[PDB]
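What's in protein-v4.txt: compact mmCIF, C-alpha atoms and all ligand atoms
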# COMPACT_ATOMS: atom_id res chain seq x y z
CA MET A 1 -25.31 -9.81 -0.34
CA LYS A 2 -22.01 -11.30 -1.58
CA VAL A 3 -19.51 -8.91 -3.16
CA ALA A 4 -16.20 -9.55 -4.91
CA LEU A 5 -13.89 -6.55 -4.76
CA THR A 6 -10.51 -6.05 -6.43
CA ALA A 7 -7.98 -3.23 -6.56
CA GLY A 8 -7.02 -2.26 -10.08
CA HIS A 9 -3.46 -2.51 -11.42
CA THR A 10 -0.22 -4.19 -10.46
CA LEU A 11 2.57 -2.47 -8.54
CA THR A 12 5.43 -3.36 -10.92
CA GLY A 13 5.83 -4.64 -14.44
CA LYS A 14 2.97 -4.76 -16.89
CA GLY A 15 -0.28 -3.33 -15.57
CA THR A 16 0.76 -0.39 -13.36
CA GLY A 17 -1.59 2.54 -12.92
CA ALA A 18 -1.61 6.33 -13.25
CA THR A 19 -0.06 8.94 -10.98
CA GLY A 20 -0.66 12.62 -10.30
CA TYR A 21 -1.60 14.26 -7.01
CA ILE A 22 -2.29 10.68 -5.84
CA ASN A 23 -0.95 7.29 -6.94
CA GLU A 24 -3.74 5.15 -8.42
CA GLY A 25 -2.27 1.74 -7.62
CA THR A 26 -1.69 2.67 -3.98
CA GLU A 27 -5.04 4.39 -3.45
CA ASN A 28 -6.90 1.49 -5.10
CA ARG A 29 -5.60 -0.67 -2.26
CA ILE A 30 -6.17 1.87 0.53
CA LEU A 31 -9.71 2.52 -0.66
CA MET A 32 -10.41 -1.21 -1.15
CA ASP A 33 -9.68 -1.86 2.51
CA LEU A 34 -12.07 0.93 3.52
CA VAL A 35 -14.81 -0.32 1.19
CA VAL A 36 -14.45 -3.83 2.66
CA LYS A 37 -14.98 -2.35 6.12
CA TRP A 38 -18.12 -0.43 5.12
CA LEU A 39 -19.55 -3.38 3.17
CA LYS A 40 -19.14 -5.61 6.22
CA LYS A 41 -20.90 -2.99 8.38
CA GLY A 42 -23.75 -3.17 5.87
CA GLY A 43 -23.92 -6.91 6.48
CA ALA A 44 -22.37 -8.12 3.23
CA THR A 45 -19.96 -11.00 2.75
CA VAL A 46 -16.90 -9.69 0.92
CA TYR A 47 -14.27 -11.53 -1.14
CA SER A 48 -11.44 -9.10 -1.85
CA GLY A 49 -7.99 -9.21 -3.38
CA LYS A 50 -5.36 -7.66 -5.61
CA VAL A 51 -2.56 -8.70 -7.94
CA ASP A 52 0.74 -6.94 -7.28
CA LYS A 53 3.04 -8.64 -9.82
CA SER A 54 2.11 -10.94 -12.71
CA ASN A 55 2.08 -10.85 -16.49
CA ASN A 56 -1.25 -12.72 -16.12
CA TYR A 57 -2.73 -10.14 -13.76
CA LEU A 58 -5.96 -9.60 -15.71
CA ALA A 59 -6.99 -13.26 -15.55
CA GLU A 60 -5.82 -13.46 -11.93
CA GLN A 61 -8.02 -10.50 -10.94
CA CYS A 62 -11.05 -12.19 -12.50
CA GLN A 63 -10.20 -15.42 -10.69
CA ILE A 64 -10.61 -13.61 -7.36
CA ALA A 65 -14.20 -12.84 -8.34
CA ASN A 66 -14.86 -16.21 -10.01
CA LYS A 67 -13.59 -18.40 -7.16
CA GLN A 68 -17.04 -18.26 -5.54
CA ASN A 69 -20.53 -17.11 -6.49
CA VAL A 70 -21.17 -13.42 -5.78
CA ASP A 71 -23.92 -10.96 -6.60
CA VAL A 72 -21.55 -8.34 -8.03
CA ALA A 73 -17.84 -8.02 -8.86
CA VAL A 74 -16.32 -4.55 -8.39
CA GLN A 75 -12.89 -3.23 -9.40
CA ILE A 76 -11.56 0.07 -8.02
CA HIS A 77 -9.65 2.54 -10.22
CA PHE A 78 -8.84 6.23 -10.47
CA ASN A 79 -9.00 8.14 -13.74
CA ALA A 80 -6.48 10.28 -15.61
CA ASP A 81 -6.46 12.62 -18.60
CA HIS A 82 -4.68 15.92 -18.04
CA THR A 83 -3.48 17.90 -15.03
CA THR A 84 -6.05 20.52 -14.05
CA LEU A 85 -7.23 22.57 -11.09
CA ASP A 86 -10.86 21.95 -12.14
CA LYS A 87 -13.13 19.22 -10.87
CA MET A 88 -13.20 16.32 -13.33
CA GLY A 89 -15.29 13.81 -11.43
CA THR A 90 -16.55 10.26 -11.14
CA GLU A 91 -17.81 7.54 -13.48
CA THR A 92 -18.63 3.87 -13.15
CA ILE A 93 -18.16 1.54 -16.13
CA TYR A 94 -20.30 -1.48 -17.00
CA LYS A 95 -20.55 -3.69 -20.06
CA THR A 96 -24.05 -5.19 -19.83
CA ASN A 97 -27.44 -4.56 -18.27
CA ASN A 98 -26.75 -6.66 -15.17
CA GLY A 99 -23.78 -4.46 -14.24
CA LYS A 100 -25.54 -1.23 -15.23
CA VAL A 101 -27.96 -1.74 -12.30
CA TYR A 102 -25.06 -1.42 -9.86
CA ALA A 103 -23.13 1.17 -11.87
CA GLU A 104 -26.07 3.57 -11.78
CA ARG A 105 -26.49 3.19 -8.00
CA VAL A 106 -22.77 3.66 -7.26
CA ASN A 107 -22.48 6.63 -9.60
CA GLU A 108 -25.54 8.30 -8.06
CA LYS A 109 -23.90 8.13 -4.63
CA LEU A 110 -20.46 9.27 -5.77
CA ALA A 111 -22.02 12.14 -7.75
CA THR A 112 -22.99 13.74 -4.44
CA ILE A 113 -19.28 14.32 -3.69
CA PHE A 114 -17.65 14.38 -7.17
CA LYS A 115 -18.61 15.95 -10.47
CA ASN A 116 -21.03 13.61 -12.23
CA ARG A 117 -19.67 12.00 -15.39
CA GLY A 118 -22.27 9.22 -15.14
CA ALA A 119 -22.47 5.48 -15.41
CA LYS A 120 -20.89 4.58 -18.72
CA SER A 121 -20.91 1.60 -21.05
CA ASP A 122 -17.53 0.00 -21.76
CA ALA A 123 -15.97 1.55 -24.89
CA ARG A 124 -12.60 -0.22 -24.63
CA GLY A 125 -13.38 -3.95 -24.19
CA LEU A 126 -11.99 -4.12 -20.66
CA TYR A 127 -10.99 -7.64 -19.62
CA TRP A 128 -12.50 -7.31 -16.13
CA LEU A 129 -15.98 -6.58 -17.48
CA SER A 130 -16.00 -9.52 -19.90
CA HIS A 131 -14.36 -12.30 -17.86
CA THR A 132 -16.25 -12.41 -14.56
CA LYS A 133 -19.16 -14.76 -13.97
CA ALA A 134 -21.02 -12.23 -11.82
CA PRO A 135 -22.32 -8.84 -13.01
CA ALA A 136 -19.31 -6.55 -13.03
CA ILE A 137 -18.53 -2.86 -12.62
CA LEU A 138 -15.35 -0.78 -12.71
CA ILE A 139 -15.39 2.35 -10.55
CA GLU A 140 -13.30 5.31 -11.74
CA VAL A 141 -13.49 7.04 -8.39
CA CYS A 142 -12.07 10.43 -9.46
CA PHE A 143 -9.16 11.83 -11.46
CA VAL A 144 -5.63 11.48 -10.06
CA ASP A 145 -4.61 14.65 -11.93
CA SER A 146 -7.46 16.95 -10.85
CA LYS A 147 -6.47 19.10 -7.89
CA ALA A 148 -10.10 19.62 -6.89
CA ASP A 149 -11.01 15.91 -7.10
CA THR A 150 -7.97 14.83 -5.11
CA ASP A 151 -8.25 17.63 -2.55
CA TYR A 152 -11.68 16.22 -1.67
CA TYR A 153 -10.68 12.56 -1.91
CA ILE A 154 -7.60 12.77 0.33
CA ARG A 155 -9.62 14.40 3.14
CA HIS A 156 -12.71 12.19 2.83
CA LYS A 157 -11.52 8.65 2.03
CA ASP A 158 -13.88 7.05 4.55
CA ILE A 159 -16.85 8.93 3.06
CA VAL A 160 -15.87 7.84 -0.46
CA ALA A 161 -15.78 4.24 0.77
CA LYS A 162 -19.12 4.55 2.60
CA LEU A 163 -20.84 5.93 -0.50
CA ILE A 164 -19.45 3.13 -2.67
CA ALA A 165 -20.68 0.55 -0.16
CA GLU A 166 -24.09 2.21 0.10
CA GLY A 167 -24.41 2.18 -3.69
CA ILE A 168 -23.40 -1.48 -3.96
CA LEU A 169 -25.79 -2.59 -1.19
CA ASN A 170 -28.59 -0.20 -2.22
CA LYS A 171 -29.11 0.97 1.35
CA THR A 172 -27.98 3.45 3.96
CA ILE A 173 -25.23 2.22 6.28
CA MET B 1 16.82 14.13 -0.64
CA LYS B 2 19.67 12.54 1.35
CA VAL B 3 18.98 9.23 3.12
CA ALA B 4 21.06 7.12 5.49
CA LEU B 5 20.15 3.42 5.65
CA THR B 6 21.35 0.69 7.99
CA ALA B 7 20.56 -2.99 8.27
CA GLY B 8 19.57 -4.07 11.75
CA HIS B 9 21.58 -6.59 13.78
CA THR B 10 25.02 -8.17 13.68
CA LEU B 11 25.66 -11.60 12.15
CA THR B 12 27.49 -13.11 15.14
CA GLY B 13 28.02 -12.34 18.82
CA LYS B 14 26.07 -9.64 20.61
CA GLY B 15 23.26 -8.15 18.53
CA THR B 16 21.98 -10.98 16.33
CA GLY B 17 18.38 -11.06 15.16
CA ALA B 18 15.32 -13.31 14.89
CA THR B 19 14.64 -16.31 12.67
CA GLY B 20 11.54 -18.06 11.38
CA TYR B 21 10.51 -18.68 7.79
CA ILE B 22 13.16 -16.02 7.00
CA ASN B 23 16.37 -14.92 8.77
CA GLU B 24 16.11 -11.30 9.95
CA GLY B 25 19.80 -10.44 9.85
CA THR B 26 20.10 -11.84 6.32
CA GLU B 27 16.93 -10.21 4.98
CA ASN B 28 17.79 -6.86 6.58
CA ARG B 29 20.87 -6.83 4.34
CA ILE B 30 19.13 -8.16 1.20
CA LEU B 31 16.28 -5.67 1.56
CA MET B 32 18.63 -2.78 2.40
CA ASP B 33 20.40 -3.21 -0.92
CA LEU B 34 17.07 -3.24 -2.77
CA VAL B 35 15.92 -0.10 -0.94
CA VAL B 36 19.15 1.69 -1.92
CA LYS B 37 18.49 0.81 -5.57
CA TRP B 38 14.91 2.12 -5.47
CA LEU B 39 15.89 5.26 -3.55
CA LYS B 40 18.53 6.02 -6.19
CA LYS B 41 15.96 5.43 -8.94
CA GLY B 42 13.88 8.11 -7.17
CA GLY B 43 16.73 10.61 -7.35
CA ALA B 44 17.99 10.37 -3.77
CA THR B 45 21.56 10.48 -2.50
CA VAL B 46 21.99 7.38 -0.34
CA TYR B 47 24.49 6.39 2.35
CA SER B 48 24.13 2.84 3.63
CA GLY B 49 25.92 0.35 5.82
CA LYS B 50 25.77 -2.46 8.33
CA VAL B 51 27.72 -3.84 11.27
CA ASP B 52 28.41 -7.56 11.09
CA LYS B 53 30.49 -8.10 14.27
CA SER B 54 31.08 -5.69 17.14
CA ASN B 55 30.27 -5.34 20.80
CA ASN B 56 29.88 -1.63 19.97
CA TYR B 57 27.46 -2.24 17.09
CA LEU B 58 24.80 0.25 18.25
CA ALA B 59 27.15 3.23 18.26
CA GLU B 60 28.72 2.03 15.02
CA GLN B 61 25.32 1.87 13.29
CA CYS B 62 24.58 5.45 14.34
CA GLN B 63 28.01 6.56 13.12
CA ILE B 64 27.11 5.36 9.60
CA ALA B 65 24.16 7.78 9.66
CA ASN B 66 25.97 10.60 11.49
CA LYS B 67 29.11 10.72 9.31
CA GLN B 68 27.31 13.04 6.88
CA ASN B 69 24.21 15.23 7.00
CA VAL B 70 21.06 13.46 5.76
CA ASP B 71 17.36 14.26 5.82
CA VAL B 72 16.36 10.91 7.38
CA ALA B 73 18.09 7.85 8.87
CA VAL B 74 16.32 4.50 8.43
CA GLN B 75 17.07 1.12 10.00
CA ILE B 76 15.56 -2.12 8.63
CA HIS B 77 14.26 -4.90 10.90
CA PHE B 78 11.75 -7.74 10.88
CA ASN B 79 9.41 -8.56 13.75
CA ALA B 80 8.85 -11.80 15.64
CA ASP B 81 6.28 -13.27 18.01
CA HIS B 82 5.20 -16.89 17.52
CA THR B 83 5.10 -19.17 14.49
CA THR B 84 1.72 -18.83 12.78
CA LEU B 85 0.01 -19.15 9.43
CA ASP B 86 -1.90 -15.91 9.97
CA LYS B 87 -0.94 -12.42 8.87
CA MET B 88 0.83 -10.36 11.51
CA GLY B 89 1.96 -7.28 9.63
CA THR B 90 4.03 -4.14 9.54
CA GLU B 91 4.92 -1.25 11.82
CA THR B 92 7.39 1.64 11.74
CA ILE B 93 8.86 3.09 14.96
CA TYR B 94 9.79 6.70 15.64
CA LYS B 95 10.77 8.66 18.74
CA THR B 96 9.95 12.28 17.90
CA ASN B 97 7.81 14.36 15.55
CA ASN B 98 10.56 14.75 12.94
CA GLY B 99 10.76 10.98 12.45
CA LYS B 100 6.99 10.51 12.73
CA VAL B 101 6.58 12.38 9.42
CA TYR B 102 8.47 9.61 7.62
CA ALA B 103 7.16 6.74 9.76
CA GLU B 104 3.55 7.56 8.86
CA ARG B 105 4.30 7.67 5.12
CA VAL B 106 6.29 4.44 5.16
CA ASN B 107 3.66 2.65 7.22
CA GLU B 108 0.89 3.84 4.87
CA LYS B 109 2.73 2.30 1.92
CA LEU B 110 3.59 -0.97 3.65
CA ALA B 111 0.01 -1.30 4.93
CA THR B 112 -1.07 -1.86 1.32
CA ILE B 113 0.80 -5.21 1.33
CA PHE B 114 0.93 -6.17 5.05
CA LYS B 115 -1.52 -6.04 7.95
CA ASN B 116 -1.36 -2.50 9.37
CA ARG B 117 0.04 -2.36 12.91
CA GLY B 118 0.74 1.36 12.56
CA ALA B 119 3.44 3.94 13.00
CA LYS B 120 4.28 3.71 16.70
CA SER B 121 6.18 5.85 19.17
CA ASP B 122 9.11 4.10 20.84
CA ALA B 123 8.53 3.06 24.46
CA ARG B 124 11.68 0.91 24.70
CA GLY B 125 14.56 3.42 24.51
CA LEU B 126 15.94 2.28 21.15
CA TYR B 127 19.51 3.53 20.81
CA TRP B 128 19.12 4.05 17.04
CA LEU B 129 16.29 6.57 17.50
CA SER B 130 18.09 8.49 20.28
CA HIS B 131 21.64 8.73 18.88
CA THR B 132 21.07 9.81 15.28
CA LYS B 133 21.65 13.41 14.23
CA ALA B 134 18.99 13.22 11.51
CA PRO B 135 15.30 12.37 12.01
CA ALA B 136 15.17 8.61 12.39
CA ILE B 137 12.81 5.68 11.92
CA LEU B 138 13.03 1.93 12.43
CA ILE B 139 10.98 -0.21 10.03
CA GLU B 140 9.65 -3.56 11.31
CA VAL B 141 8.89 -4.77 7.81
CA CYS B 142 6.86 -7.88 8.68
CA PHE B 143 7.06 -10.90 10.99
CA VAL B 144 9.74 -13.53 10.29
CA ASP B 145 7.47 -16.22 11.77
CA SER B 146 4.19 -15.45 9.98
CA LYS B 147 3.67 -17.72 6.98
CA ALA B 148 1.31 -15.21 5.34
CA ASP B 149 3.69 -12.26 5.88
CA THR B 150 6.75 -14.12 4.63
CA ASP B 151 4.88 -15.77 1.75
CA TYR B 152 4.25 -12.30 0.36
CA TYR B 153 7.66 -10.89 1.28
CA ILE B 154 9.75 -13.70 -0.25
CA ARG B 155 7.91 -13.38 -3.59
CA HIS B 156 7.81 -9.55 -3.73
CA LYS B 157 11.09 -8.28 -2.24
CA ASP B 158 11.54 -5.61 -4.92
CA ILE B 159 7.99 -4.36 -4.33
CA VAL B 160 8.57 -4.19 -0.57
CA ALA B 161 11.71 -2.12 -1.27
CA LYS B 162 9.90 0.11 -3.79
CA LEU B 163 7.12 0.86 -1.30
CA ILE B 164 9.62 1.77 1.44
CA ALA B 165 11.49 4.05 -0.96
CA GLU B 166 8.25 5.71 -2.11
CA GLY B 167 7.26 6.34 1.50
CA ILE B 168 10.66 7.86 2.34
CA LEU B 169 10.74 10.09 -0.75
CA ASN B 170 7.01 10.93 -0.73
CA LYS B 171 6.58 10.28 -4.45
CA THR B 172 5.93 7.58 -7.02
CA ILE B 173 9.05 5.85 -8.33
ZN ZN A 201 -6.90 2.31 -13.86
ZN ZN A 202 15.29 -6.62 14.96

Before we go any further, please render this structure as structure tokens.
Ligand SMILES: [Zn+2]
Ligand SMILES: [Zn+2]
Amino acid sequence: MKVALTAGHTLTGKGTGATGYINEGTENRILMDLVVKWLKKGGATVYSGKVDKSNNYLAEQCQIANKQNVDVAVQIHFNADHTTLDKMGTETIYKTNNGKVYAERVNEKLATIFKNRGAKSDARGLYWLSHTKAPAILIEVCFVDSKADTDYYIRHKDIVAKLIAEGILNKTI
Amino acid sequence: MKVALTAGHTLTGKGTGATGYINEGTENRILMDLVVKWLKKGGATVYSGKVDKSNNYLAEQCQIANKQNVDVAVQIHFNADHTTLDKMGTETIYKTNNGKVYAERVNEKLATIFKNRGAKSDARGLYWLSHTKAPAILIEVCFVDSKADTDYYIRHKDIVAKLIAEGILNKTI
């Protein structure tokens, strides 16, 4: 299968991410590289990238996916809301039915290691989900400000990546 | 936190650096100044310097770090091998455990923008790592002769500096 994969957020200027026990922008890139590795072990062809500095970063992220035909376009994020010791958990966002197929599979896998918030339809008109040619999903891996979520994530990054890849490819790796 | 920073190499005579798409001695100084700015933005007390001409430049570099107590002493370098279009990447050198703490954090940050060559223990008897009072690291930011490395570096110098500062201070800036 062909997969486009992008890390959410820029590193400076407009578009930077959230921070708590972990830094979203940094971990989006660390986890991307691990997901690429696991996707390739599953036999997929992967087109990955990131945008570190640009006022046009949203369009540039979509251009990474749109440069070539792919079966699915995936963007990695981490969530935020309020600092808590409690588990908060995982959700995967889609806009339309074609992305929902993948969002449900990825969320089912991540829900075995994080609290299940479910696959979720886009309620904020996210540019990534409306400007890619391929079916698109946005993974909110876990909350940067949950101590329980991040305690698990920091010690199991390779497992998080494997589960994402297994959900995308719909198979065990 | 208190940080001592030095730019690698002299500008003439004994001790000059490498050249490729960028000039190491020049960029060590440019990037040093950016790292100082980002470290100060992160709340650190910073002592920096360089040695432009001296046959005794190694001892003089260490004296910049040793003049006052600091938590970590950092020297900036760029790597070299052969001229290539391909990525070559980043590594940070330490001698002992107390520097390894910082080297691993700096390398983890720089590996989100450059190919990851790793935090590495010194097998070459670097004077800088052996003659500093404080824990010490030597950052080989990227390769001067890699077009891919320098293409990113030249366009993102502030981001390179921010990532180094975040690795040293262990927090988001
Ligand atoms: Zn985000
Ligand atoms: Zn050097």

Original post:
Hey, can you check how far CA of residue 146 (chain A) sits from CA of residue 84 (chain A)?
Top reply: 5.0 Å

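Taking only C-alpha atoms and all ligand atoms into account, ligand ZN 201 (chain A) has within 8 Å the residues residues 8, 9, 17, 18, 24, 25, 76, 77, 78, 79 and 140 of chain A.
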
File of the preceding selection, C-alpha atoms, as an mmCIF file, in the coordinates of the input:
data_model
loop_
_atom_site.group_PDB
_atom_site.id
_atom_site.type_symbol
_atom_site.label_atom_id
_atom_site.label_comp_id
_atom_site.auth_asym_id
_atom_site.auth_seq_id
_atom_site.Cartn_x
_atom_site.Cartn_y
_atom_site.Cartn_z
ATOM 1 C CA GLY A 8 -7.020 -2.260 -10.080
ATOM 2 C CA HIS A 9 -3.460 -2.510 -11.420
ATOM 3 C CA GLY A 17 -1.590 2.540 -12.920
ATOM 4 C CA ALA A 18 -1.610 6.330 -13.250
ATOM 5 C CA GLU A 24 -3.740 5.150 -8.420
ATOM 6 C CA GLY A 25 -2.270 1.740 -7.620
ATOM 7 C CA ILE A 76 -11.560 0.070 -8.020
ATOM 8 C CA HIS A 77 -9.650 2.540 -10.220
ATOM 9 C CA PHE A 78 -8.840 6.230 -10.470
ATOM 10 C CA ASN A 79 -9.000 8.140 -13.740
ATOM 11 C CA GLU A 140 -13.300 5.310 -11.740
#

**OP:** Find the residues in chain A near chain B: any atom within 8 Å counts, using only C-alpha atoms. Write them as JSON, numbers by chain.
**Re:** {"A": [11, 12, 19, 23, 26, 29, 30, 53]}

Subject >> Who sits within 10 Å of residue 47 (chain A), all atoms listed in the file, same chain under 6 positions skipped, as a ChimeraX atom specification >> reply: /A:2-6,36,64-65,67-70,73

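Comparing the minimum interatomic distances between ligand ZN 202 (chain A) and each of B:139, B:21, B:83, B:148, counting all atoms listed in the file, we find that B:139 sits nearest.
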
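Pairwise distance (CA of residue 43 (chain A), CA of residue 59 (chain A)) equals 28.5 Å.
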